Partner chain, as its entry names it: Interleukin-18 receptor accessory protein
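Read the single chain below, which is given as structure tokens and is the form deposited without its partner chain.
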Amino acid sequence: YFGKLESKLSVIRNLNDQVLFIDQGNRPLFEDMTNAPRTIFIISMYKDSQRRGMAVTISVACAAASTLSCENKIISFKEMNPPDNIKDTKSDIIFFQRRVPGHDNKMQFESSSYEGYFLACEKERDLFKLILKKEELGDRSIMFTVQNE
């Protein structure tokens, strides 16, 4: 069971400190910037009845309703706002925000639906793409900086 607590305006960034943003193809990408309303995200925090940690929802601020989803281990944006309630122990839109042990300032987002899977930055070719993948003990690619303001 998940119950919404609050919401925070956030800018997410990988360790290359490239900002996360949604492009025109509805695809989440990473880039270095010096346009901007596509970088602003809303992180909505939920209370987990099983107490596995801090459950969050990631959605873009300047859209009507687009929430981040990892349905079928594939990153996408559903056409919905974060719900007041989710009545299940797992959700494709729900992630656990976890602070990384030996790094300061850095968070990782574990999928609630698929255990041991994390949001991650991936070089493809000329693009840095947001993907869902499994965790190596370090693995820089699953670490993120989030600026709640």
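Positions refer to the first chain, counted from 1.
Missing here is the form deposited with its partner chain bound; even so, the following discussion is about that form.
- In the deposited complex, its partner chain sits beyond 4.5 Å of every heavy atom of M80.
- Of the heavy atoms in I40, none are within 4.5 Å of its partner chain in the deposited complex.
- Residues are counted as partner-facing when one of their heavy atoms sits within 4.5 Å of its partner chain in the deposited complex; in 1 to 16 only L15 qualifies.
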